[PDB]
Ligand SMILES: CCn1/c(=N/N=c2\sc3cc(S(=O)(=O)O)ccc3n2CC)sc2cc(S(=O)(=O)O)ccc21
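For reference, the chain that follows is the form solved without this ligand, supplied as structure tokens.
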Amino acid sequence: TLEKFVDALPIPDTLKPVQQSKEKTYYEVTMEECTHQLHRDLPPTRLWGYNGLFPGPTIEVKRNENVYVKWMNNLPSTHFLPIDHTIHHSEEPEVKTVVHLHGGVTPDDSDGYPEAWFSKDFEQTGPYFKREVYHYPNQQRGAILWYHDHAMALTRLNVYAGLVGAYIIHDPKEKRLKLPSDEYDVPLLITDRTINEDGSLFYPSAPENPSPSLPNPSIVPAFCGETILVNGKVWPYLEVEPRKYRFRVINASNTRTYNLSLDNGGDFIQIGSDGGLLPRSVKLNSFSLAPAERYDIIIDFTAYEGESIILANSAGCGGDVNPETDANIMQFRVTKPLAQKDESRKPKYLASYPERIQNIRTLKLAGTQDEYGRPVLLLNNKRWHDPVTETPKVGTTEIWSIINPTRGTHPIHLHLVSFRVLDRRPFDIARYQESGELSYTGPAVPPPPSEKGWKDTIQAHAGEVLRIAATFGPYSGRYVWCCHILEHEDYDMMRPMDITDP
């Protein structure tokens, strides 16, 4: 149905501070119901948005800028998407919110803990709530971060509703690299959605072929949207100048993984991963992008003046990709006149490369089944509410060995830290399931170049052990690690992570 490439790509405006001095920058962001048209041929869609915008405003900060954001809830008391009351037990408000700055090196009470939620005007607050005004010291590498809702049992719904936005940390020490900047540095927040004829968002209230005993609504274990949006617009086009652009590619989708290419066979240059600039730039013809991953890339349109180039997708969601729909992301049109000379660069040398092993943690990804027969996905056999087990000591380095005996990939995220990827190694799934015994079926494989820098969300593929290494700090406190497939996260593939200080 919806005609591709008829609406221009929105570029969210950069948020202006309410107050700013040399010592402190203070922002206010209020979650509001709002209405926006997502495609030329759709009626406007009721959404929830940060400052009533979808996506939310892009926040731009400097490394070490002392930033505060008062994230406020001015949402209705009843949700518009289907709440499953059976997935969590503790009366509480139906609509609960909390903002997680994904990738932030953030004090624990500003990290957006799932039980630090709040209702409208903070009238009711969860048992881990401490503060209204979140503090982001930004003492971390320049990078693409993003912010999104993280409320207990509601994350998949609140994010789907529209509560996502970009947050960019600029390190002045990188300015000398002359990477494309300003108008030539564009975030691309990719979100798949299913939209009804009347313009309303569709989110399933049950899996296919439910029983009458099955809760209604019921959580589903995965969501694949019919349409692809970039920056809140269905299959948009972007007019570009014939020169180099930097794009901050963010997968803000609930479940869907992308595998991106350019339909002319042209290359990307990757310059950065979740945790900042790679040590060296990486020429790529394609890349996978699972939920919450970011690729910081340069696309050089210099030789392509007048051309239309599709950012294409080869990964299916619930089936093979459809050439007419989800195989398309957006269309670049190289038809904008040059505003000035391209004085940007695509340097090879970007940053220095990524220490004692304190602990090695072996962690399994697996599910159980509930009383209604639905899968409940768990991190190392535990529910969210079980006593904490992942308890690294502050200032120490650990290796985490993530065993995935399930049928699909899980994008695992650690809060607070970024980590290095050591290797992946295939193992005998049936043996592991039958006995707990890990028997490798092949040699360990080091990460691709794209994963030789710093990561915070990482694909743990089926039938493999993935090893990562992280140094836990600089802060101690109560954080989280989770699978970022939101349908998994909410039931119940998330755990507390305590970074302890003796």
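Throughout, we count residues from 1 along the sequence that is shown.
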Unmodelled stretch of the deposited sequence separating residue 354 from residue 355, binned as none, 1 to 3, 4 to 9 or 10 or more = 4 to 9
inquiry  = What does the record say about the segment between residue 90 and residue 91: how many deposited residues are without coordinates (none, 1 to 3, 4 to 9, 10 or more)?
reply    = 4 to 9
ask   = Comparing 160 to 168 with 193 to 201, which stretch shows the greater average C-alpha B-factor in the deposited entry?
value = 193 to 201
Mean C-alpha temperature factor, higher of 342 to 350 and 184 to 192 = 342 to 350
Which of 408, 232, 137, 236 ranks first by CA B-factor in the deposited coordinates = 408
message = Out of 103, 126, 265, 337, whose C-alpha atom has the biggest B factor in the entry?
response = 265
remark   = Of the three thirds of the chain ranked by Cα temperature factor, residue 53 occupies the lowest
query = Is the Cα B-factor recorded for residue 445 in the lowest, middle or highest third of its chain?
reply = highest
request  = Determine, from the deposited record, the chain-internal third of the Cα B-factor for residue 284: lowest, middle or highest.
outcome  = highest
ask   = So where's residue 432 on the chain's Cα temperature factor ranking, which third?
value = highest
request  = Would you mind checking where the Cα B-factor of residue 211 ranks among the modelled residues of its chain, as the lowest, middle or highest third?
outcome  = highest
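FYI, the form deposited with this ligand bound isn't displayed, but the following is about it.
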remark   = Superimposing the pocket C-alphas so that this ligand sits as it does in the deposited bound form, and applying the rule of 3 or more atoms within 2.4 angstroms of backbone or C-beta atoms, the verdict is open
inquiry  = So if I measure heavy atom distances to this ligand in the deposited bound form, which of the stretches 241 to 249, 215 to 223, 300 to 308, 339 to 347 falls within 4.5 Å?
reply    = 215 to 223
request  = Indicate whether this ligand has at least one heavy atom within 4.5 Å of a heavy atom of residue 375 in the deposited bound form.
outcome  = yes
message = Would you classify residue 82 as touching this ligand in the deposited bound form, given a 4.5 Å non-hydrogen atom cut-off?
response = no
ask   = Quick one: is residue 255 in contact with this ligand in the deposited bound form, heavy atoms, 4.5 Å cut-off?
value = yes
task = Using the partner position in the deposited bound form, report whether residue 172 sits within 4.5 Å of this ligand, counting heavy atoms only.
result = no
query = Which one, 266, 395, 318, 127, lies within 4.5 Å of this ligand in the deposited bound form by heavy atoms?
reply = 318
